[PDB]
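Structure first, then comments.
Throughout, a chain's letter reflects where its sequence line sits, starting with A, and its residues are numbered from 1.
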2 protein chains.
Amino acid sequence: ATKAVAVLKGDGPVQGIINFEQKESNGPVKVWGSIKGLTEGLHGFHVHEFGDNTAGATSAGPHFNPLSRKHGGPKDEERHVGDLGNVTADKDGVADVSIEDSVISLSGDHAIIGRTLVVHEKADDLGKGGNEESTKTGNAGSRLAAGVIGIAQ
Amino acid sequence: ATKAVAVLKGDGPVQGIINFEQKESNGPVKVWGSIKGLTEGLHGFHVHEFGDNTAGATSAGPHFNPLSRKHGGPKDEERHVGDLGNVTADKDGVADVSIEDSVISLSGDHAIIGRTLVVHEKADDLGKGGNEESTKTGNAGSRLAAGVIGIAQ
């Protein structure tokens with residue numbers, strides 16, 4: 001029933017399109033698409049609380065974390081709602097995404113419609129990097145590309 | 001209060017930032033901001049049903065019309081939910097937007113959050129254009145700039 005999409009865009013080579021689908025409001029959200037222009041390896045993949053309020057915004061903005069948990073991996077009970085972990089780019093810089101998440105939703109309090117999907121500069125350390133910043137952002141670094149999550153055809 | 005924001009982006013010089021605010025969930029939505037890079041005169045200003053599912057999309061898709069009405073002006077009872085009429089650009093090509101609307105909402109089943117705000121090539125004829133396309137789109141023409149309506153800080 002509920003379907004959504006984010007077009008990932010930035011001031012750079014990184015671009016992609018990520019689809020969200022959730023057949024029942026109690027069910028998982030299937031997340032699939034691909035991102036190109038990435039450096040080989042892992043890149044943080046997070047939902048941030050707000051849409052851009054400026055042209056050519058560089059900041060990622062706060063993580064989507066309505067329950068005020070510490071940053072973790074998507075498998076962890078202790079995590080932000082928006083903690084979707086890492087996408088993996090191949091040697092050509094293409095990252096094909098195919099995950100399922102039961103913490104994000106496309107409806108209700110934890111709805112990510114109207115929020116921002118961001119692929120990050122560096123790998124998300126999943127809260128296990130051993131410093132204060134690890135429990136906030138996973139040390140994923142800067143926003144390479146982002147898109148507001150919108151309703152999809 | 002519910003707040004939203006759309007960053008209107010295009011290929012040409014047309015760009016803008018439009019804010020939405022709704023003090024009461026059954027009250028009017030305040031729409032304000034500014035658009036620049038426009039030709040002097042009236043430009044169609046509509047909420048469309050879907051967010052882009054492609055990079056560099058040139059088409060504004062279907063109008064957001066969940067109640068299946070005919071196209072009209074914002075003051076008409078016969079209108080789409082997304083029929084916000086026209087904005088007016090001065091001789092410097094800048095349109096100061098200051099609207100209030102009681103058909104659109106930022107919440108509920110027919111919330112515009114996650115939909116696309118689009119500024120169009122030419123004036124909306126408000127359904128009074130004298131052909132079939134008039135009662136569908138108001139003949140406002142191509143999309144000049146667009147943005148997904150996201151949640152605002």
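To the nearest 0.5 angstrom, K91(B) atom NZ is 7.5 Å from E40(B) atom CD. Between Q22(A) atom CD and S102(A) atom OG the span is 9.0 Å, to the nearest 0.5 Å. The CG atom of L8(A) sits 5.0 Å away from atom CG of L117(A), with the distance rounded to the nearest 0.5 Å. Atom CD1 of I149(A) and atom CZ of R115(A) lie 9.0 Å apart (nearest 0.5 Å). To the nearest 0.5 Å, atoms NZ (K128(A)) and OG1 (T135(A)) are separated by 10.5 Å. Taken to the nearest 0.5 Å, the NE2 atom of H110(A) stands 12.5 Å off from the NE2 atom of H80(A).
Smallest separation of non-hydrogen atoms from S105(A) and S107(A): OG-O, 2.8 Å. For the pair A57(B) and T54(B), the tightest heavy-atom approach, listed with the atom from each and the gap, is CB-CG2, 3.4 Å. The shortest non-hydrogen separation linking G10(B) to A145(B) is N-CB, 4.1 Å.
Side-chain N or O atoms of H120(B) include none that pairs as donor or acceptor with a backbone N or O of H43(B) at under 3.5 Å. Of the possible polar contacts, one joining the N131(A) side chain to the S134(A) backbone as a donor-acceptor pair under 3.5 Å is found. The backbone N or O of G61(B) sits less than 3.5 Å from a side-chain atom of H48(B), completing a donor-acceptor pair. A side-chain donor-acceptor contact under 3.5 Å links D101(B) to the backbone of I104(B). With hydrogens and angles disregarded, no donor-acceptor distance shorter than 3.5 Å links the side chain of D92(A) to the backbone of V94(A). Between the side chain of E49(B) and the main chain of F64(B), no donor-acceptor pair closer than 3.5 Å is present.
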Requested in this report: Mind running side-chain contact (heavy atoms from CB on, under 4.5 Å) on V5(A) and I17(A) for me, showing each step along the way?
Outcome: CA-CA 7 Å; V5(A) 62; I17(A) 306 160; 3.6 Å; yes
Report task. For side-chain contact (heavy atoms from CB on, under 4.5 Å), just list the numbers for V119(B) and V87(B), CA-CA rounded to whole Å, side-chain angles, deciding distance to a tenth of an Å, and then say yes or no. Result -> CA-CA 8 Å; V119(B) 65; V87(B) 296; 4.2 Å; yes
Report task. For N65(B) and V81(B), run side-chain contact (heavy atoms from CB on, under 4.5 Å): C-alpha distance rounded to whole Å, both residues' side-chain angles, the deciding distance at 0.1 Å, then the answer. Result -> CA-CA 5 Å; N65(B) 186 17; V81(B) 167; 5.8 Å; no
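In summary, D52(A) and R143(A) engage in a salt bridge, as defined by a charged side-chain N under 4.0 Å from a carboxylate O. The existence of a salt bridge linking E132(A) and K136(A) is excluded, since no basic side-chain nitrogen approaches an acidic carboxylate oxygen closer than 4.0 Å. Salt bridge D83(A)/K75(A): absent, no basic N to carboxylate O contact under 4.0 Å. Under 4.0 Å is where a charged nitrogen must lie from a carboxylate oxygen, and between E78(B) and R69(B) at least one such pair does.
Every residue meeting the side chain to side chain donor-acceptor pair (under 3.5 Å) condition with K3(A), not counting sequence neighbours, appears here in chain and number order: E21(A).
The shortest distance between side-chain heavy atoms of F20(A) and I112(A) falls below 4.5 Å. Looking at heavy atoms from C-beta onward, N139(B) lies out of side-chain contact with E121(B) at the 4.5 angstrom threshold. Within the 4.5 Å cutoff, the side chain of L84(A) has no heavy atoms near those of the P74(A) side chain. Looking at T137(A) and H63(A), their side chains come closer than 4.5 Å, going by heavy atoms from C-beta outward. Put simply, the side chain of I151(B) reaches to within 4.5 Å of the side chain of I113(B), judged on heavy atoms.
In the hydrophobic cluster analysis, where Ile, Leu, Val, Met, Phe, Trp and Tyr join through side-chain heavy atoms closer than 4.5 angstrom, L106(A) is grouped together with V97(A). Note: the hydrophobic cluster containing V47(B) also contains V103(B) (ILVMFWY, side chain heavy atoms under 4.5 Å, direct or indirect links).
With 3.5 Å as the limit, one finds no donor-acceptor pair spanning the side chains of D124(B) and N86(B).
Within a 6.0 Å sphere centred on NZ of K9(B), other residues, nucleotides and ligands contribute more than 12 heavy atoms.
Side-chain contacts under 4.5 Å among hydrophobic residues (ILVMFWY), followed directly or transitively, place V148(B) together with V148(A).
Note: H71(A) and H46(A) have perpendicular aromatic rings, judged against thresholds of 30 and 60 degrees for the angle between ring planes.
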Would you tabulate the side-chain donor-acceptor contacts of residues 25-38 of chain A under 3.5 Å, counting partners in other chains and residues two or more places apart, or write 'none'?
none

